[PDB]
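Only one chain comes next, encoded as structure tokens, the form deposited in one PDB entry.
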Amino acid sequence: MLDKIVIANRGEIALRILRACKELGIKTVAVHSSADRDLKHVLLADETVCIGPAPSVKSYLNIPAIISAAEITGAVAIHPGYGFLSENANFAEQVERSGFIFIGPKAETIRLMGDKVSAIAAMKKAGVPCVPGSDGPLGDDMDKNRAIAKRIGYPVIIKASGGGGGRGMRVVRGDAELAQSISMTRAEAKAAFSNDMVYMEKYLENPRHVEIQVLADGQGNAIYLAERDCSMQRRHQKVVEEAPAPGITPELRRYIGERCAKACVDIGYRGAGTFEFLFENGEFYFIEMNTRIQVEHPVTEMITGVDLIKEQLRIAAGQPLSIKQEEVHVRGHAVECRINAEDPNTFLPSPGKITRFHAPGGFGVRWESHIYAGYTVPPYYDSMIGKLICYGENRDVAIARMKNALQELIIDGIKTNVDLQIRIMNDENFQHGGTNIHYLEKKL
């Protein structure tokens, strides 16, 4: 087992990783910005290294500071969490070349599957259905862009190849808006991701977002761990996730899961990852592979019993897969509500001091957050401050449980989306299940 690791992240995921480390007796190094000294996991970590001032560009994206932190503490591995450098092939490469284990896929796999244009190309090559699109980067020729749009059929969406969290995405309904949309998306993607490559994809009218969790050891064994439905979204970012996906039958589950496990073996995938699909009229269409842990991984944990972070760590230690496919069993249902520090109605950021906090508790309730009363939410990072996950023997119980937990959850001093999450749980169509990716913004 890994002796010591740097947790190259912050907030809830850094604490999630710290806990898994502690259970496995792995020493922890928390690297943090000067704004994050009072993070719960920083205070719990065995060692801490300040890697720069508050802006992410100067700290959490500071590759040489993070790699140096591993050297100064004698760590043997680095866990990137999600976001930040986790899908950055350059970082993965540099980690390995400095003598450290990168807790994730090989750098070449991150280039293959992390970049969204080449992932689509790879999946098409593999015989995995994708969404019709430009099948390559858009150039500057507007006649050519219009011609691609016409071939696939309006509406379309301009998507950043390096995009994440729904940033760098713009829907286009017709020719008149195409140029300014491609131009704006490029500018957003260049700013957020230092990568102005965009592609075009057909905008699907009625799909659900359904994704399959995979685990592969890099030795040729791969498994799938059921699926998740993450169709409740705002600004193309997930708000609620659940597992398993409602209406997905065992026959269909195994069909898509086997395809994902096979895809892992073929490309030589290593570690945890997720294949994300649009599910429409009984068919799955590949949109993205996250070559990293998923934010919403706890719902899969609840319904399978598998600890996905521990599996990541075991795999990084060069352990083969312990779990066989036949040993994976879906039991019950879990729902996750993201908790974000933003106005529940205007959706504008609400950083600042949390004056009162109370987490919910009870049978089947899991709270995933670094926040505490007295803690200051900084302005510099993403608004997601916590995750509430409720498990039940069935979906009705899980939702009932969530409804009650959200009523017990207190976060005062800043604005949150807790009241929005309450509204979603009370929604007749969410209760029905199988609402499409456009539903939440329709409702709102």
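One-based numbering along the sequence shown.
There is another form of this protein, the form solved in complex with a partner chain, and it is not shown here; the text below is about that form.
K.L.:
Does its partner chain come within 4.5 Å of any heavy atom of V29 in the deposited bound form?
P.N.:
Looking in the deposited bound form, residue contacts with its partner chain do not include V29, since no heavy atom lies within 4.5 Å.
K.L.:
I'd like to know if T416 sits close to its partner chain in the deposited bound form, meaning any non-hydrogen atom pair within 4.5 angstroms.
P.N.:
No, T416 is distant from the partner.
K.L.:
Decide whether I72 counts as a contact residue for its partner chain in the deposited bound form under a heavy atom distance cut-off of 4.5 Å.
P.N.:
Yes, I72 lies within 4.5 Å of its partner chain in the deposited bound form.
K.L.:
Find out whether any non-hydrogen atom of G268 is located within 4.5 angstroms of its partner chain in the deposited bound form, and reply yes or no.
P.N.:
Taking the distances in the deposited bound form, the answer for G268 is no, it never comes within 4.5 Å of its partner chain.
K.L.:
So if I measure heavy atom distances to its partner chain in the deposited bound form, which of the stretches 341-349, 256-264, 218-226, 79-87 falls within 4.5 Å?
P.N.:
Looking at the other structure, the answer is 341-349.
K.L.:
Heavy atom within 4.5 Å of its partner chain in the deposited bound form: which of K324, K124, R235, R173?
P.N.:
By the 4.5 Å criterion, the partner-contacting residue is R235.
K.L.:
Could you tell me which of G83, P105, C130, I354 sits at the hinge, given that one rigid part rotates relative to another between the shown form and the other one?
P.N.:
Among the listed options, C130 lies at the hinge between the shown form and the other one.
K.L.:
Given a CA distance change of at least 3 Å, are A179 and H209 closer or farther in the deposited bound form?
P.N.:
Result: farther.
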